[PDB]
Amino acid sequence: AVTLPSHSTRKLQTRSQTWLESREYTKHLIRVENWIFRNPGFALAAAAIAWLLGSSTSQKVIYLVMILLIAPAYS
Amino acid sequence: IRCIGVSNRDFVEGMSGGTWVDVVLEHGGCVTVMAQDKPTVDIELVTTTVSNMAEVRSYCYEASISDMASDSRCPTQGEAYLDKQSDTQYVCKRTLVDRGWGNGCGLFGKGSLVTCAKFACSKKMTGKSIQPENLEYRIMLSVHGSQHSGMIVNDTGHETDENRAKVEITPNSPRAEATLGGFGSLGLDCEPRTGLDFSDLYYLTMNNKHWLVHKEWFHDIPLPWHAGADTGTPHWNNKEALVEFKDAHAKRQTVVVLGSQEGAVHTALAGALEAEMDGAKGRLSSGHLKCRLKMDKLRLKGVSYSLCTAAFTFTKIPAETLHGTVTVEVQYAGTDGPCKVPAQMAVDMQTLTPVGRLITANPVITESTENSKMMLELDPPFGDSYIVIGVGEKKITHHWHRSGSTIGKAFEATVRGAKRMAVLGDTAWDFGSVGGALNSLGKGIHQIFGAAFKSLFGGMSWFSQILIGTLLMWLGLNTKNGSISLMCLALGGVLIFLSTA
Amino acid sequence: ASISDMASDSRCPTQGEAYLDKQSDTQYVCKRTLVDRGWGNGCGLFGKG
Amino acid sequence: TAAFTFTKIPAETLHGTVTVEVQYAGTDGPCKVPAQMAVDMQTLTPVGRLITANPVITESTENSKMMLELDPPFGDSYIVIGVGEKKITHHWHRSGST
Amino acid sequence: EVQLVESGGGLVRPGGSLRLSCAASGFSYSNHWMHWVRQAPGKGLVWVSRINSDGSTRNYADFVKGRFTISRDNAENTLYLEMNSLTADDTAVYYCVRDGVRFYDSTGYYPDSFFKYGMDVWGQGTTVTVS
Amino acid sequence: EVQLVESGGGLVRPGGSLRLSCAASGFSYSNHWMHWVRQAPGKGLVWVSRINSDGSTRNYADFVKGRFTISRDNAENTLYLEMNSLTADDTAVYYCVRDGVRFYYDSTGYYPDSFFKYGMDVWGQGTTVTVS
Amino acid sequence: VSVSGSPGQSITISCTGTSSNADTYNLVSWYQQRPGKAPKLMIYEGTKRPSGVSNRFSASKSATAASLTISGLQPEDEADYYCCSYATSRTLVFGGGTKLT
Ligand SMILES: *[C@H]1O[C@H](CO[C@@H]2O[C@@H](C)[C@@H](O)[C@@H](O)[C@@H]2O)[C@@H](O[C@@H]2O[C@H](CO)[C@@H](O[C@@H]3O[C@H](CO)[C@@H](O)[C@H](O)[C@@H]3O)[C@H](O)[C@H]2NC(C)=O)[C@H](O)[C@H]1NC(C)=O
């Protein structure tokens, strides 16, 4: 089907290497970097939506980062 | 011997006057146990076999479709019903189609069209259960002393060799004695049931590739699933997620299959251990066992011999392992029968005062013919030192320089401790666990914190927990209340998990 | 409604799930549930069947 | 004073108690079965509770079969049966906490 | 010793109905599986059907497409096999069989998959002739 | 004394294929490198192929441009050499050989170091194949 | 279909099913039927022999077939022998039978 839940959630932790230990970091970072590269203007829209919410600067930068992580996965 | 080069070995030294030592054995490395006046024994886990697994719930990862059929009804007449809908081997979908005066039925509402297609599955992946009983571990131990460098990884009829022994350990017989002829016997009481979690791990096969899969990932998977007994013409209780009923326009319906699905399963599996299969049994090569070592019936073969005084030649010469130890392979020229080799690390060759520590066993050559070979390894002092072998005026000496001061050794020891705790969880408190009260208190409070941490986090993977680690780091950095330390504490745990894989 | 030849199956404490060959028929009503088994019924283990 | 064997090793009930089935090889007539739950086999200290009774083997034949159930302690433990150097032992692990 | 006795076998026309019976005594009938097996004249043994203690589970071979109906009365220690729409292929001796190996499971109810068995207690068999 | 036995040799038409086999007994087959060597009638010995203990490393001489495939079954103590697209130049006697010298240093027989000390101490009687 | 034997010798009757899970033979049962007699079982669970059945009869099993071995043949032994096992989880099936003279 479409979903097929990822197994890295229940990562079997032991001294030997797991099935695909070479690809996790690059996997997530590559997906985010590619999607943001393709559609830039959503960076502007996310900046606006973050700026309208949150009083101090820290809250606004955190909301910006969370929007830019929640959009590429369409989670 | 058998542990010289493994590059992941740790020395377990000392005991309650020789009574017993706790030891955790892992697949990656091995443990060399050295006592006060007893031969150094190297223990290593080799393979873990699982036996008579019971098949459960096999999935389909490649569909095949067959003779489609369809039926339609008048705008008012009711709903479509194909006579192949009463068969548990056909997928059938019902929808609405535009009709009227053109196709054959006079009225203009939407109709109803049913399409059915036969499903055939070529390939299926099966999941099998593993009970923590009938699970066999195979431990191999060997002894230092008299074996030359060749017999380090040489696997042959080790029943005769008298220096290396093999022990099977199963939940039905957790206690075993390894009889090392002339050295006595190493008593070994071990805990196989609590080894590695084996009540949540299914053994998963697709096509000659076998994995260890966590249950709750082999139940929340969306594919056509049978259940257990394969008897005749199978039936899959899904009929969805592998056949796509794509609609056309103007009452046209089409049925397609999704292709072969064996690429999402290979990438859905990430962080699930690999395994291999022999016959009906499954050899896992990644595990974790905890054996208490009752070494109080080990003797020393070499004592009461007279020491050799002929000559010694350093043939393969001295070499440095990854941990600091120094392996030396000596050849003896004299024909003095069974004899005792004098070897001592020394500096200031004016007065040979023994320094360093000799991690061998009872050194001794057992051959008697003409020229014999022997291998012994020494733990040298940090400064410059001389390896001295021989009695008098014919002593062969070699110069040895070891790198890092005691502070470096302590820091590397703490790094090893951090890695071992991060990998083993609570059990790591039992590595050198002669066992006191402080160690038990540590084990307890770490067990509580571990249960809590695994209950809150631990539904996250490398990237996700690096994220939550940085976020909690900021939040604790500028919260200004008294809980900051708490939040900062969390970072360590979470972040250290990432920088030890 | 009128009913007919009942049948059943049960397969252990630690095996898969029961499967009758009359579940692949569109004329039979079938229900799947859990039953207590072990040491008195034939299969050595004590979970729910 | 004989040796014991595990026909089907142990079962674990839902409530945590352990059922064991022992087979007796010797012929001593009716005699008590020495059984207990222990940790640190060096010094066998009774830990846990043996909820059956004074276990006995009624028959006096070559091979006899008996069943007893015991209540383990929450840690890892060993089921010990027998007296000396022939005592069959098993490893048993119970999950819960008090 | 246990003795099984068949009854009800006789000549009948093709398409007729016939009810075979089996009387058991000397054991816990209410706890054993029961089987009906057949053997054609000059032919080998052919398994027909099986039933549990209570009568909940009934299994039939492939050649019986619902023609046969097995049942029992434990209080009377009786077994029955109803037969409808007889043909010539079924003229044979029918043996009533007790299943004691299952009686592991002294209840005789739970129909596990691939459970151990072996049929040693048989009746003398009754002849049915479809001519 | 270890005995190597060659099998499967026979006459074949040009372009044909043949599967030669070798049976070993009396030594730790699972831990030794194995070789196939050939010798044309009245000609010298010509090295053909070698395989390590597991089969992960297969080496062939330059004359065989992928035509031949060497393999082994450790549990059966058997060595196989499958030959395709045979020509008249392939007419020769093939000896199945054990590498005993390498076993002295590398008891695992797996690591295929460059320029390692070797020796093909045990030879079979050889099987004759003629591509005619 | 048939096997011939001399008094005092040993004979083996084989039973093979084609492509059945490679499990089946663990549960094969062997039955004896003398001429005009009710069938008697000699072997159950593949290799276990009941009490009362002579130790003369023995049984063996593999992943591909089952074998029944009768050593020290006697004139009584001449009979029809049938193997039986599961066809599926809910079924039973008897073999073609072998007439031992
Ligand atoms: C691992 O061990 C094997 C041999 O196994 C051992 O053989 C004896 C020496 C005993 O110690 C046994 O308990 C044990 O099973 C090593 O292989 C051996 O290598 C030597 C190399 O010197 C071979 O010797 C040859 O044959 C004769 C001596 O028998 C000499 O005259 C020759 O000149 C030649 O040296 C020996 O045949 C060979 N044996 C086998 C079975 O292969 C192996 O090298 C060693 N590996 C490691 C890593 O140490």
# chains A, B, ... in the order shown; residues from 1 in each chain; ligands from 1
$ select_by_dssp --residues "chain D" --states "strand (DSSP E)" --output "MDAnalysis selection string"
chainID D and resid 4:12 18:24 31:32 35:38 56:57 64:70 76:81 88:93
$ interface_residues --of "chain D" --to "chain C" --cutoff "7 Å" --atoms "only C-alpha atoms" --output "NGL selection string"
:D and (11-14)
$ write_last_selection --atoms "N, CA and C atoms" --output "PDB file, in the first residue's frame"
ATOM      1  N   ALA D  11       6.365 -23.874  32.095  1.00  0.00           N
ATOM      2  CA  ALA D  11       5.355 -22.974  31.559  1.00  0.00           C
ATOM      3  C   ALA D  11       5.159 -21.786  32.492  1.00  0.00           C
ATOM      4  N   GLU D  12       4.742 -20.658  31.921  1.00  0.00           N
ATOM      5  CA  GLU D  12       4.431 -19.462  32.696  1.00  0.00           C
ATOM      6  C   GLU D  12       2.950 -19.148  32.597  1.00  0.00           C
ATOM      7  N   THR D  13       2.255 -19.211  33.725  1.00  0.00           N
ATOM      8  CA  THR D  13       0.849 -18.853  33.760  1.00  0.00           C
ATOM      9  C   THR D  13       0.682 -17.362  33.476  1.00  0.00           C
ATOM     10  N   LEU D  14      -0.570 -16.934  33.317  1.00  0.00           N
ATOM     11  CA  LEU D  14      -0.820 -15.514  33.110  1.00  0.00           C
ATOM     12  C   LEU D  14      -0.473 -14.696  34.346  1.00  0.00           C
TER      13      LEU D  14
END
$ interface_residues --of "chain B" --to "chain F" --cutoff "9 Å" --atoms "only C-alpha atoms" --output "list in words"
residues 150, 151, 152, 153, 154, 155 and 156 of chain B
$ residues_around --residues "region 286-303 of chain B" --least-positions-apart "3" --cutoff "7 Å" --atoms "only C-alpha atoms" --output "ChimeraX atom specification"
/A:14,16 /B:18-27,38-39,182-192,195-196,340,362-364
$ residues_around --residues "residue 64 (chain E)" --least-positions-apart "5" --cutoff "12 Å" --atoms "only C-alpha atoms" --output "PyMOL selection string"
(chain E and resi 46-49+59+69-70+82-87+89-90) or (chain G and resi 91)
$ residues_around --residues "region 47-51 of chain G" --least-positions-apart "3" --cutoff "9 Å" --atoms "only C-alpha atoms" --output "VMD selection string"
chain G and resid 26 to 29 41 to 44 54 to 55 57 to 61 68
$ residues_around --residues "residue 44 (chain E)" --least-positions-apart "5" --cutoff "8 Å" --atoms "only C-alpha atoms" --output "list in words"
residues 39 of chain E; 96 and 97 of chain G
$ residues_around --residues "region 38-55 of chain A" --least-positions-apart "5" --cutoff "6 Å" --atoms "only C-alpha atoms" --output "list in words"
residues 60, 63 and 64 of chain A
$ closest_atom_pairs --of "chain C" --to "chain B" --cutoff "8 Å" --atoms "only C-alpha atoms" --output "JSON lines"
{"residue": "C:14", "atom": "CA", "partner": "B:129", "partner_atom": "CA", "distance": 7.7}
{"residue": "C:15", "atom": "CA", "partner": "B:54", "partner_atom": "CA", "distance": 5.9}
{"residue": "C:16", "atom": "CA", "partner": "B:56", "partner_atom": "CA", "distance": 4.3}
{"residue": "C:17", "atom": "CA", "partner": "B:227", "partner_atom": "CA", "distance": 5.8}
{"residue": "C:18", "atom": "CA", "partner": "B:228", "partner_atom": "CA", "distance": 7.4}
{"residue": "C:19", "atom": "CA", "partner": "B:229", "partner_atom": "CA", "distance": 6.8}
{"residue": "C:21", "atom": "CA", "partner": "B:231", "partner_atom": "CA", "distance": 7.9}
{"residue": "C:24", "atom": "CA", "partner": "B:88", "partner_atom": "CA", "distance": 5.3}
{"residue": "C:25", "atom": "CA", "partner": "B:88", "partner_atom": "CA", "distance": 6.2}
{"residue": "C:26", "atom": "CA", "partner": "B:86", "partner_atom": "CA", "distance": 5.4}
$ write_last_selection --atoms "N, CA and C atoms" --output "PDB file, in the first residue's frame"
ATOM      1  N   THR C  14       0.987 -19.677  21.324  1.00  0.00           N
ATOM      2  CA  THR C  14       1.961 -18.953  20.502  1.00  0.00           C
ATOM      3  C   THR C  14       2.086 -19.676  19.170  1.00  0.00           C
ATOM      4  N   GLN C  15       1.131 -19.389  18.299  1.00  0.00           N
ATOM      5  CA  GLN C  15       1.165 -19.694  16.879  1.00  0.00           C
ATOM      6  C   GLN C  15       0.450 -18.521  16.231  1.00  0.00           C
ATOM      7  N   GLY C  16      -0.060 -18.713  15.029  1.00  0.00           N
ATOM      8  CA  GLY C  16      -0.648 -17.579  14.357  1.00  0.00           C
ATOM      9  C   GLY C  16      -2.074 -17.359  14.800  1.00  0.00           C
ATOM     10  N   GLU C  17      -3.004 -17.363  13.858  1.00  0.00           N
ATOM     11  CA  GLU C  17      -4.411 -17.220  14.175  1.00  0.00           C
ATOM     12  C   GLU C  17      -5.160 -18.348  13.492  1.00  0.00           C
ATOM     13  N   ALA C  18      -6.298 -18.718  14.059  1.00  0.00           N
ATOM     14  CA  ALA C  18      -7.041 -19.835  13.510  1.00  0.00           C
ATOM     15  C   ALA C  18      -7.503 -19.515  12.102  1.00  0.00           C
ATOM     16  N   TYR C  19      -7.578 -20.547  11.271  1.00  0.00           N
ATOM     17  CA  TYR C  19      -8.074 -20.389   9.910  1.00  0.00           C
ATOM     18  C   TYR C  19      -8.806 -21.655   9.504  1.00  0.00           C
ATOM     19  N   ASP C  21     -10.919 -23.668   6.572  1.00  0.00           N
ATOM     20  CA  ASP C  21     -11.010 -23.611   5.122  1.00  0.00           C
ATOM     21  C   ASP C  21     -12.387 -23.176   4.652  1.00  0.00           C
ATOM     22  N   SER C  24     -13.132 -19.132   3.268  1.00  0.00           N
ATOM     23  CA  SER C  24     -13.020 -18.699   1.885  1.00  0.00           C
ATOM     24  C   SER C  24     -14.301 -18.973   1.117  1.00  0.00           C
ATOM     25  N   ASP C  25     -15.430 -18.942   1.813  1.00  0.00           N
ATOM     26  CA  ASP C  25     -16.741 -19.183   1.240  1.00  0.00           C
ATOM     27  C   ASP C  25     -17.654 -18.041   1.652  1.00  0.00           C
ATOM     28  N   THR C  26     -18.425 -17.519   0.701  1.00  0.00           N
ATOM     29  CA  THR C  26     -19.291 -16.378   0.967  1.00  0.00           C
ATOM     30  C   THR C  26     -20.663 -16.797   1.445  1.00  0.00           C
TER      31      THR C  26
END
$ interface_residues --of "chain C" --to "chain E" --cutoff "7 Å" --atoms "only C-alpha atoms" --output "ChimeraX atom specification"
/C:6-11,40-42
$ write_last_selection --atoms "C-alpha atoms" --output "mmCIF file, in the first residue's frame"
data_model
loop_
_atom_site.group_PDB
_atom_site.id
_atom_site.type_symbol
_atom_site.label_atom_id
_atom_site.label_comp_id
_atom_site.auth_asym_id
_atom_site.auth_seq_id
_atom_site.Cartn_x
_atom_site.Cartn_y
_atom_site.Cartn_z
ATOM 1 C CA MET C 6 -21.067 -25.121 12.965
ATOM 2 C CA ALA C 7 -17.311 -25.646 12.979
ATOM 3 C CA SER C 8 -14.341 -24.216 14.830
ATOM 4 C CA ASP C 9 -10.560 -24.156 15.073
ATOM 5 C CA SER C 10 -8.016 -23.067 17.493
ATOM 6 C CA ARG C 11 -4.400 -22.853 17.204
ATOM 7 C CA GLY C 40 -5.231 -28.937 30.012
ATOM 8 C CA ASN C 41 -6.046 -28.640 26.333
ATOM 9 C CA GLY C 42 -2.993 -29.886 24.478
#
$ interface_residues --of "chain G" --to "chain B" --cutoff "12 Å" --atoms "only C-alpha atoms" --output "ChimeraX atom specification"
/G:19-23,63,86-91
$ atom_distance --atom1 "CA of residue 370 (chain B)" --atom2 "CA of residue 335 (chain B)"
5.2 Å
$ closest_residue --among "G:9, G:18, G:32, G:71" --to "chain E" --atoms "only C-alpha atoms"
G:32
$ atom_distance --atom1 "CA of residue 67 (chain A)" --atom2 "CA of residue 8 (chain A)"
23.2 Å
$ interface_residues --of "chain B" --to "chain A" --cutoff "6 Å" --atoms "only C-alpha atoms" --output "PyMOL selection string"
chain B and resi 28+221-222+241-242+268-273+286+423+459-461
$ atom_distance --atom1 "atom 33 (O, counted along the ligand's line) of ligand 1" --atom2 "CA of residue 100 (chain F)"
10.5 Å
